[PDB]
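Next comes protein.pdb, a file with PDB, C-alpha atoms.
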ATOM      1  CA  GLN R   3      91.051  81.577 160.065  1.00  0.00           C
ATOM      2  CA  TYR R   4      94.756  80.823 160.499  1.00  0.00           C
ATOM      3  CA  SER R   5      97.905  80.796 158.398  1.00  0.00           C
ATOM      4  CA  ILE R   6      98.667  77.791 156.192  1.00  0.00           C
ATOM      5  CA  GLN R   7     102.334  76.838 156.395  1.00  0.00           C
ATOM      6  CA  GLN R   8     104.505  75.291 153.681  1.00  0.00           C
ATOM      7  CA  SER R   9     107.152  72.545 153.817  1.00  0.00           C
ATOM      8  CA  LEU R  10     106.131  71.141 157.187  1.00  0.00           C
ATOM      9  CA  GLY R  11     108.763  70.057 159.680  1.00  0.00           C
ATOM     10  CA  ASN R  12     109.110  66.877 161.720  1.00  0.00           C
ATOM     11  CA  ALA R  13     105.791  66.556 163.594  1.00  0.00           C
ATOM     12  CA  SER R  14     102.231  67.758 164.171  1.00  0.00           C
ATOM     13  CA  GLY R  15     101.017  70.435 161.799  1.00  0.00           C
ATOM     14  CA  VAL R  16     100.079  69.902 158.175  1.00  0.00           C
ATOM     15  CA  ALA R  17     101.255  72.058 155.278  1.00  0.00           C
ATOM     16  CA  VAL R  18     100.471  72.754 151.624  1.00  0.00           C
ATOM     17  CA  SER R  19     103.288  73.261 149.138  1.00  0.00           C
ATOM     18  CA  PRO R  20     103.213  76.283 146.809  1.00  0.00           C
ATOM     19  CA  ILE R  21     101.421  75.820 143.506  1.00  0.00           C
ATOM     20  CA  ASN R  22     103.724  74.094 141.016  1.00  0.00           C
ATOM     21  CA  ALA R  23     103.130  74.583 137.288  1.00  0.00           C
ATOM     22  CA  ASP R  24     105.696  74.256 134.500  1.00  0.00           C
ATOM     23  CA  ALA R  25     104.082  72.505 131.518  1.00  0.00           C
ATOM     24  CA  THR R  26     101.812  75.547 131.198  1.00  0.00           C
ATOM     25  CA  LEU R  27     104.695  77.932 130.443  1.00  0.00           C
ATOM     26  CA  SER R  28     104.406  79.842 127.165  1.00  0.00           C
ATOM     27  CA  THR R  29     105.972  82.907 125.546  1.00  0.00           C
ATOM     28  CA  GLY R  30     103.824  85.771 124.288  1.00  0.00           C
ATOM     29  CA  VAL R  31     105.247  87.337 121.126  1.00  0.00           C
ATOM     30  CA  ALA R  32     103.127  89.186 118.580  1.00  0.00           C
ATOM     31  CA  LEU R  33     105.190  88.087 115.544  1.00  0.00           C
ATOM     32  CA  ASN R  34     102.759  90.029 113.338  1.00  0.00           C
ATOM     33  CA  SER R  35     103.285  93.617 114.460  1.00  0.00           C
ATOM     34  CA  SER R  36     105.327  95.666 111.988  1.00  0.00           C
ATOM     35  CA  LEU R  37     106.885  99.022 112.865  1.00  0.00           C
ATOM     36  CA  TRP R  38     109.331 101.290 111.055  1.00  0.00           C
ATOM     37  CA  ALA R  39     112.128 103.512 112.344  1.00  0.00           C
ATOM     38  CA  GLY R  40     114.073 106.240 110.608  1.00  0.00           C
ATOM     39  CA  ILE R  41     115.870 109.569 110.738  1.00  0.00           C
ATOM     40  CA  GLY R  42     115.205 112.793 108.900  1.00  0.00           C
ATOM     41  CA  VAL R  43     114.972 116.575 108.908  1.00  0.00           C
ATOM     42  CA  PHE R  44     111.631 117.898 110.157  1.00  0.00           C
ATOM     43  CA  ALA R  45     110.266 121.389 110.731  1.00  0.00           C
ATOM     44  CA  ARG R  46     109.165 120.779 114.340  1.00  0.00           C
ATOM     45  CA  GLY R  47     110.447 118.209 116.806  1.00  0.00           C
ATOM     46  CA  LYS R  48     112.781 117.513 119.685  1.00  0.00           C
ATOM     47  CA  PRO R  49     116.320 117.143 118.278  1.00  0.00           C
TER      48      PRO R  49
ATOM     49  CA  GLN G   3      97.608  39.704 187.783  1.00  0.00           C
ATOM     50  CA  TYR G   4     101.273  38.794 188.255  1.00  0.00           C
ATOM     51  CA  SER G   5     104.644  39.805 186.859  1.00  0.00           C
ATOM     52  CA  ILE G   6     105.831  38.326 183.559  1.00  0.00           C
ATOM     53  CA  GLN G   7     109.495  37.363 183.730  1.00  0.00           C
ATOM     54  CA  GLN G   8     112.056  37.384 180.916  1.00  0.00           C
ATOM     55  CA  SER G   9     114.821  34.922 179.991  1.00  0.00           C
ATOM     56  CA  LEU G  10     113.492  32.012 182.026  1.00  0.00           C
ATOM     57  CA  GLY G  11     115.869  29.783 183.950  1.00  0.00           C
ATOM     58  CA  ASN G  12     116.154  26.005 184.131  1.00  0.00           C
ATOM     59  CA  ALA G  13     112.661  24.814 185.136  1.00  0.00           C
ATOM     60  CA  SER G  14     108.994  25.594 185.772  1.00  0.00           C
ATOM     61  CA  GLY G  15     107.919  29.118 184.940  1.00  0.00           C
ATOM     62  CA  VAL G  16     107.447  30.509 181.455  1.00  0.00           C
ATOM     63  CA  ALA G  17     108.830  33.826 180.225  1.00  0.00           C
ATOM     64  CA  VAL G  18     108.444  36.287 177.354  1.00  0.00           C
ATOM     65  CA  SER G  19     111.501  37.956 175.855  1.00  0.00           C
ATOM     66  CA  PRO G  20     111.527  41.743 175.383  1.00  0.00           C
ATOM     67  CA  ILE G  21     110.166  43.040 172.098  1.00  0.00           C
ATOM     68  CA  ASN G  22     112.842  42.792 169.401  1.00  0.00           C
ATOM     69  CA  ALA G  23     112.663  45.114 166.389  1.00  0.00           C
ATOM     70  CA  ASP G  24     115.554  46.219 164.179  1.00  0.00           C
ATOM     71  CA  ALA G  25     114.404  46.242 160.540  1.00  0.00           C
ATOM     72  CA  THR G  26     112.018  49.050 161.507  1.00  0.00           C
ATOM     73  CA  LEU G  27     114.830  51.456 162.440  1.00  0.00           C
ATOM     74  CA  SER G  28     114.821  54.769 160.570  1.00  0.00           C
ATOM     75  CA  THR G  29     116.389  58.215 160.938  1.00  0.00           C
ATOM     76  CA  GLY G  30     114.244  61.343 161.030  1.00  0.00           C
ATOM     77  CA  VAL G  31     115.938  64.283 159.308  1.00  0.00           C
ATOM     78  CA  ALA G  32     114.031  67.190 157.791  1.00  0.00           C
ATOM     79  CA  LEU G  33     116.496  67.763 154.915  1.00  0.00           C
ATOM     80  CA  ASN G  34     114.235  70.582 153.694  1.00  0.00           C
ATOM     81  CA  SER G  35     114.421  73.100 156.532  1.00  0.00           C
ATOM     82  CA  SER G  36     116.619  76.096 155.721  1.00  0.00           C
ATOM     83  CA  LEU G  37     117.868  78.526 158.367  1.00  0.00           C
ATOM     84  CA  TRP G  38     120.379  81.371 158.286  1.00  0.00           C
ATOM     85  CA  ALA G  39     122.874  82.602 160.872  1.00  0.00           C
ATOM     86  CA  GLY G  40     124.850  85.811 161.020  1.00  0.00           C
ATOM     87  CA  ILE G  41     126.426  88.592 163.045  1.00  0.00           C
ATOM     88  CA  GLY G  42     125.801  92.312 163.018  1.00  0.00           C
ATOM     89  CA  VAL G  43     125.353  95.569 164.900  1.00  0.00           C
ATOM     90  CA  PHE G  44     121.818  96.110 166.199  1.00  0.00           C
ATOM     91  CA  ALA G  45     120.199  98.841 168.273  1.00  0.00           C
ATOM     92  CA  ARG G  46     118.716  96.495 170.902  1.00  0.00           C
ATOM     93  CA  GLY G  47     119.843  93.015 171.877  1.00  0.00           C
ATOM     94  CA  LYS G  48     121.859  90.929 174.286  1.00  0.00           C
ATOM     95  CA  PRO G  49     125.554  91.286 173.361  1.00  0.00           C
TER      96      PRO G  49
END

Write the structure described by the file as structure tokens, please.
Amino acid sequence: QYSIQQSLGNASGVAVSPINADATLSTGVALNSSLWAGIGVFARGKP
Amino acid sequence: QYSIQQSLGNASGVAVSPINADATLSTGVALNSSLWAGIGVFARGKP
């Protein structure tokens, strides 16, 4: 086929604006994962 | 046929004034087109 332009100018050709979606925005956070961190002396490991 | 005159005189023939339209006037400006201009040093081009 042929390219579909966006934000058409002053005459002639037609255009399709880029897909607009904002009410669908959401944040993905686990909020249930639990992990622990610490320091210590171990026999084998990278210092 | 025959010519249609405008702004008839003092007697006889009829006339039709030129088409008058002013409330239909509008200005066509894109207001969405964005273009950039600049200067630089390029390998090939007209100086």

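Here the PyMOL selection byres ((chain R and resi 19) around 6) captures the residues residues 8, 18 and 20 of chain R.
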
Distance table requested - chain R against chain G, cut-off 10 Å, only C-alpha atoms: one row per qualifying residue with the closest atom pair and its distance in Å to one decimal, ordered by chain and rising residue number, as a Markdown table.
| residue | atom | partner | partner_atom | distance |
| --- | --- | --- | --- | --- |
| R:9 | CA | G:34 | CA | 7.4 |
| R:10 | CA | G:35 | CA | 8.5 |
| R:11 | CA | G:32 | CA | 6.3 |
| R:12 | CA | G:32 | CA | 6.3 |

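Between atom CA of residue R:17 and atom CA of residue R:3 the interatomic distance comes to 14.8 Å.
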
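You will find atom CA of residue R:6 at 23.1 Å from atom CA of residue R:24.
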
Have a look at atom CA of residue R:16 and atom CA of residue G:36 and let me know their distance in Å, one decimal. 17.8 Å
